[PDB]
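# Examination of the molecular architecture
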Amino acid sequence: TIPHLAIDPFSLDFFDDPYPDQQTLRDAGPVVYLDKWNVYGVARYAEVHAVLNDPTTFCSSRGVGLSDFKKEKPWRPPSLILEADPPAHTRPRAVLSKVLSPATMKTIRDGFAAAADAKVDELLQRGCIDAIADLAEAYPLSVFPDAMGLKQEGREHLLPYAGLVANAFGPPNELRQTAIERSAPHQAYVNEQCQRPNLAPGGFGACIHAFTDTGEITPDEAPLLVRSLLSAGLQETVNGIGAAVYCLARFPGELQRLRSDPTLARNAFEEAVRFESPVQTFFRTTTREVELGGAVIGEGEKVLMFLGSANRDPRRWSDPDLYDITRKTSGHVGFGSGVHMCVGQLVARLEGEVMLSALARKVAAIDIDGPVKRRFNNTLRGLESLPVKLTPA
Ligand code: HEM
Ligand SMILES: C=Cc1ccc(C(=O)O)cc1
Ligand SMILES: [Cl-]
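Residues numbered from 1 in each chain as written, not as in the entry; some residues may be left out. Chains lettered and ligands numbered in written order. Heavy atoms only, no water.

### Digging into the overall build of the protein
Defined as follows: Helix and strand assignments come from DSSP, with helices taken as H or I runs of at least 4 residues and strands as E runs of at least 2, each series counted from the N terminus. Only protein chains enter the area calculation, which uses a 1.4 Å probe; residues under 20% of their type maximum are buried, those over 50% are exposed, and those in between are partly exposed. Here, residues are in contact when the closest pair of their heavy atoms is within 4.5 Å. Per-residue accessibility takes into account occlusion by the displayed protein chains alone, with areas from the Shrake-Rupley method and a 1.4 Å probe.
In terms of regular secondary structure, the protein is built from 16 helices and 13 strands. In terms of overall dimensions, the protein has a C-alpha envelope of 60 × 50 × 35 Å along the principal axes. Split into buried and exposed, the 393 residues of the protein put 59% on the buried side. Contacts in the protein between residues far apart in sequence, at least 24 positions, make up 73% of those at least 6 positions apart. Accessible surface, the protein: about 16000 Å² in total, of which carbon and sulfur atoms supply 53%.

### Brief notes about the site of ligand 1
To be explicit about the condition: Here, proximity means that at least one heavy atom of the residue falls within 4 Å of the molecule or strand. Counted as a polar contact is a pair of N or O atoms within 3.5 Å, where, for protein atoms, one must be capable of donating a hydrogen and the other of accepting one, and residues adjacent in sequence contribute only when both atoms are in side chains. Residues are called lining when one of their atoms sits within 4 Å of a cavity or pocket point, these points coming from a 1 Å grid over the protein atoms alone, where a cavity is a set in which a 1.4 Å probe fits but cannot get out and a pocket is an open set with protein on both sides within 12 Å along at least five of seven lines. A molecule is counted as occupying a cavity or pocket when more than half of its atoms fall within 2 Å of that pocket's grid points.
Around ligand 1, a shell composed of 24 residues is seen, among which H89, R93, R284, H340 and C342 lie nearest. One of the side-chain N or O atoms of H89 is found 2.8 Å from an oxygen atom in ligand 1. For ligand 1, an oxygen atom lies 2.7 Å from a polar atom in the side chain of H340. Because more than half of its atoms lie within 2 Å of the grid, ligand 1 is assigned to the largest cavity.

### What to know about the packing of aromatic side chains
To be explicit about the condition: Two rings from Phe, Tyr or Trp (for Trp, the six-membered ring) form a pair when their centres are within 6.5 Å of each other. A pair whose planes differ by under 30 degrees is stacked, one over 60 is edge-to-face, and the rest are tilted. In this scheme, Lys NZ or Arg CZ marks a charge over a ring once it lies within 6 Å of the ring centre and within 35 degrees of the ring normal.
A complete count under the given rule lists nine aromatic pairs for this structure. Grouped by ring-pair contacts, the aromatic residues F251, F275 and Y323 constitute a single cluster. For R274, the ring lying beneath its charged end belongs to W317, and the centroid distance is 5.7 Å. Residue placement shows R316 over the ring face of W317; its charged tip is 4.1 Å from the ring centre.

### Thoughts on the coordination of the iron atom of ligand 1
Cut-off, in case you're wondering: Each metal's donors are the N, O and S atoms found within 2.8 Å of it, except that Na, K and Ca use a 3.2 Å limit; water is left out, so coordination can look incomplete.
Protein coordination of the iron atom of ligand 1 is limited to a single donor, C342 (SG), which sits 2.2 Å from the metal. Among the structural elements, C342 can be located in the loop between helix 15 (307–310) and helix 16 (345–362).

### Quick word on the site of ligand 2
Filter applied, for reference: Here the term charged refers only to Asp, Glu, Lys and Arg, the term nonpolar to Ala, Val, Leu, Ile, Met, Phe, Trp, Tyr, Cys and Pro, and the term polar to all other amino acids, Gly among them.
In the neighbourhood of ligand 2, the contacting residues comprise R76, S79, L82, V165, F169, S228, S231, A232, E236 and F282. Taking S228, its side chain carries an N or O atom lying 2.7 Å from an oxygen atom of ligand 2. More than half of the atoms of ligand 2 fall within 2 Å of the grid points belonging to the largest cavity. Considered class by class, the residues forming the shell around ligand 2 number five nonpolar, three polar and two charged.

### Details of the sheet that holds strand 5 (residues 128–130)
Defined as follows: Only strands that DSSP links by at least two bridges are regarded as paired with each other. Lines fitted to C-alpha atoms define the axes, with helix axes restricted to the stretch in contact, and inter-axis angles between N-to-C directions lie between 0 and 180 degrees.
Taken in spatial order, the three strands line up as 5-13-10 in an open sheet, and their pairing is antiparallel. A single partner strand is all that each edge strand has here, and the edge strands are strand 5 and strand 10 (363–368). Across the sheet, the mean angle from the axis of one strand to that of its neighbour is 35°, orientation sign disregarded. As judged from the five bridges shared by strand 10 and strand 13 (residues 387–392), these two strands associate in the antiparallel manner.

### What about the sheet that holds strand 9 (residues 302–306)?
If you trace the six strands from one edge of the open sheet to the other, you get 1-2-3-9-6-4, paired in mixed fashion. Two strands bound the open sheet, and with one partner strand each, they are strand 1 (4–5) and strand 4 (58–59). Of the pairings in the sheet, the one linking strand 4 to strand 6 (residues 281–286) comprises two bridges and is antiparallel in character. Of the residues in strand 6, the one forming a bridge with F58 is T286.

### Considering empty space enclosed by the protein
If a probe as big as a water molecule is rolled over the atoms, it shows which places are left empty. Convention followed: Grid points are joined across faces, edges and corners, and a volume is the space filled by probe spheres set on the points.
Applying the stated criterion across every chain yields a total of four cavities of 30 Å³ or more. Roughly 880 Å³ of internal volume is contained in the largest cavity. Residue lining of the largest cavity: 44 residues in total, with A232, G233, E236, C342 and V343 positioned closest to the centre. Residue assignment for the lining of the largest cavity shows that the elements contributing at least two residues are helix 4 (90–99), helix 7 (158–168), helix 11 (222–231), helix 12 (234–250), helix 14 (265–276), strand 6 and helix 16. Among the elements that take part in the lining of the largest cavity, helix 11 stands out by supplying four residues, more than any other. Here the lining of the largest cavity is composed, by residue class, of 27 nonpolar, eleven polar and six charged. Here the second largest cavity is characterised by a volume of approximately 150 Å³.

### So, the UniProt feature "binding site: heme b" (unreviewed entry) in the protein
In plain terms, the rule: UniProt positions are given in the numbering used here, feature names are shortened, and annotations may be inferred rather than shown by experiment.
Look at the UniProt record and you will see "binding site: heme b" (unreviewed entry) annotated at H89, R93, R284, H340 and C342. Filtering the just-named annotated residues for those lining the largest cavity gives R93, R284, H340 and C342. The class for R93 is buried, based on a relative accessible area of 16%. With residues near it in sequence (within four places) discarded, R93 still touches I81, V339, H340, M341, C342 and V343. If near-sequence neighbours (up to four positions away) are discounted, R284 is found in contact with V51, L52, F58, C59, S60, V64, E301, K302, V303, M305 and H340. Within the structure, the side chain of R284 is placed 3.5 Å from the side chain of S60, a separation counted as a polar contact.

### Side note on the environment of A131
For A131, the position within the fold is in helix 6 (residues 131–148). A relative accessible area of 0% means that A131 is categorised as buried. Residues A131 and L12, spaced 119 residues apart in sequence, show a C-alpha to C-alpha distance of 23 Å. Each residue touching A131, except ones within four places of it in the same chain, is listed here: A136, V245, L386 and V388.

This is the structure we're talking about:
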């Protein structure tokens, strides 16, 4: 009934070019079994969307990586957000939603935009730059840690900790083993910055700690909620911005459209998130026997959702492998779907929008002028290096 495949979606060969194997996973059937890791897989949009939107059956509190927290110890204390189910998830989620609210975005937008414009101006003085280290990485590093309220010292641990968290969702392969081996200095930095005295007034971290008296969270939960905002989002935003620059370089007709109407900036970034899907996969664990795509899945089974594949499923998308900055992107699952849908999505979209706006107004051409290098991670997709020449408008 259920097809069994030997594809390892966490292998370096797969990461190097996942798209043929993602088609094989989709076309084999609505539900597959991955013999390499003894998990179920869903790679089409329909089943991925269904699983995300049924959290009672496909829970998160047994872990959203390969490891089942009912069988193994989590590598770190469980997130109060990502690794919780309703109702325990609900009020901590509401706090993070209010910390990263539309009102907060209105407070920080002008500064985020000015820093994007300044970065592009600076890069145009150099001409030939690395669009990852110098742009996709440098810009979020120039706005998000400050908006968090982090001190200057130690910020070099942020992206390593981000990569560690994402690697630790994966199976016990070399990427995961090496990440955990290197983890201690990054973990020690992150956990210390989560304490209230270390978060500057008015920033995201201070606002979490100020939200500890409403009956939604307690003071002893605020450190782990700050940890969520230091564990998630930064590398994804970097990878999304880097993918946008890569697409604007490889599809120059789309840069020409963006230049002609800079108000396409927000959707140009949203399309890059669909196209690249910085988070490629997430797991759920079944809490009961369930029918999914004609398959009967027992209790306590891990289900691997292919977000990137769902965002390129031709059953749902026209020309899914094309970068189209006017595509109707609504419904893509690059940020998830349902009750866990990325609580930081407004921050990521703000950063991506204002960077692409700066490019749209200031840059006439983006030409790849050096070897492109991929960064490997068990669950994140993104480039390591993207040498480009920027021509000013
Ligand atoms: C392009 C950028 C981003 C992408 C692709 C992305 C991806 C995702 C996805 C797919 C989920 C769903 C997790 C699940 O269903 O189990 C998620 C949740 C989450 N993200 Fe993001 N994210 C991004 C940016 C951010 C940012 C900027 C932040 C913080 C400021 C952030 C913090 C979080 C948190 C805390 C959660 C957990 C939400 C919950 O479980 O209710 N993310 N993200
Ligand atoms: C989507 C990635 C992600 C990683 C960590 C956390 C967390 O630590 O709460 C949330 C989301
Ligand atoms: Cl940790």
